[PDB]
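Next up: a single chain in C-alpha cells, the form deposited in one PDB entry.
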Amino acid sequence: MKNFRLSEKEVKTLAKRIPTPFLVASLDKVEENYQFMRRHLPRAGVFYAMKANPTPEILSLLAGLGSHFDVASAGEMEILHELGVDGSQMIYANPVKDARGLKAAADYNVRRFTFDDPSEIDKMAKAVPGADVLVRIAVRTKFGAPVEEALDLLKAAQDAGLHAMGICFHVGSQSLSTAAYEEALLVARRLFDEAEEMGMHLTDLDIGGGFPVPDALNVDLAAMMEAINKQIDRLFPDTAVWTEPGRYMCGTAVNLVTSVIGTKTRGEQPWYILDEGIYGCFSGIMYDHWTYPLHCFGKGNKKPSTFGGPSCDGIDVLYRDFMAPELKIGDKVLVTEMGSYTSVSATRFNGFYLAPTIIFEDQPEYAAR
C-alpha cells in the first residue's frame, strides 16, 4: 500500500486538460488508510478530523464507510450537512464554541460536545440541553483541563443538566511509540472508576489523533495500532472508544501538480517560479511547519535550485538548495503528501484562485492504471 503518486506520464495528461495548479486526490488511498485503521485498531470508532481535508468526495466516501466526523465549527457542519451526513455522525470537538456553531449543532442533531473549562458549560446547557459531553484532559496549553480537575468539570456539567459521557485526550506526536497512548489509557481508566463513585457512569473515550504518517503504510505502524488496540480491549472492554485521525487519513492520498511559470537563471542557483505558493497549498510550511517531497521530471544533471511561489511577496519561497535538473517554463512538477493542512489553509491573497482538488477515480488516467 504505497503512498499515492502520479507518474510523469499521468501528470502530463492531466495538465493538458486541467490548468495548474491543481491537487489530485485518490479516493482509493483514503479508503485504504481508513480500512487499515479498522483492521489494526478495530476497537476505535473514527472521528475524522475534517479540518485536515474537507474535500466533499473524501467526506462522502468516509461517511459511506461508516466514519464519524470531528467538527470544529458551523462551517464544517454545513459542509457535511450538504453531503447528507447527520449530527449523529458528528462530535463538536472544539473546546470553545461560538453561537453559530451551537445553533448549527442543534439544527443538525449534533449531541456530542467536548469541553475543557468551567466557562463553556452554561453555554452548552442553554444551546443543547441534555447533550452528551466529554471532558478534554491535558496529559502533558490551549486545550485540556488538568487531570485532577476532570471529574469536577464533568460533575458541574451534570449539575447544569448535561450528560457526563466521557473523556478525551490528545497525545499523538506522530511517533511510533505506543507509550504515550497506553499511559493515557491508564489515567482514563482511573478517572472512569472514580467517576462511578461520584454518581457518573462514563461510556465513551476519545484518544485523539496525531498518528505517524504511512510509509512512502507499513508493518511498524500496524504493530503500533495493534498494541493500542490490545490495551483498549484490556482496559476498556465495555467502553466505546474513538480516535480522531486527521493527517493520517488523507495526507498520503493527495498530490499537487504545479507549473514552472518563470525562471531566473542569472544567479549561481537557478530560481523556478511555480504557480502555487506559500499563500496557497504551501501555507502548510507556515502553519504546519511541514515539508513536502518535490519531484521534477528532468533528464539531466542537477544543481542546487530555489523554487518560489507566484506571489508578489518576498516570503513566498518554497525550497532552497534543492537538487534539480534544468527546468523550463511550461514544465510541470509534482509534490506528494499534499493531502493534509495544505489546501485548507490557502488564501485568495493577491487574488490568486484556490487550487481545486480533482478526483483521480473520475479520470481516464485511473482506468488505465
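Don't overthink the numbering: it's just position in the shown sequence, from 1. The term rigid core refers to the most C-alpha atoms you can superpose between the two forms while keeping them within 1.5 Å.
The next section is about a form of this same protein that is not shown, the form deposited in another entry.
> Rigid core as reference, CA moved 2 Å or more between the shown form and the other one - which of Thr291, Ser88, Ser119, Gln174?
Among the listed residues, the one whose C-alpha moves by 2 Å or more is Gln174.
> After the core is overlaid between the shown form and the other one, has the C-alpha of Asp159 moved by 2 angstroms or more?
No, the C-alpha position differs by under 2 Å between the shown form and the other one.
> Is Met198 displaced by at least 2 Å at its C-alpha between the shown form and the other one when the rigid core is overlaid?
After core superposition, the C-alpha of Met198 moves 2 Å or more between the shown form and the other one.
> Are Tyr287 and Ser173 closer or farther apart at the Cα level in the other form than shown, by 3 Å or more?
It is closer: in the other form, the C-alpha atoms of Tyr287 and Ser173 lie at least 3 Å nearer than they do here.
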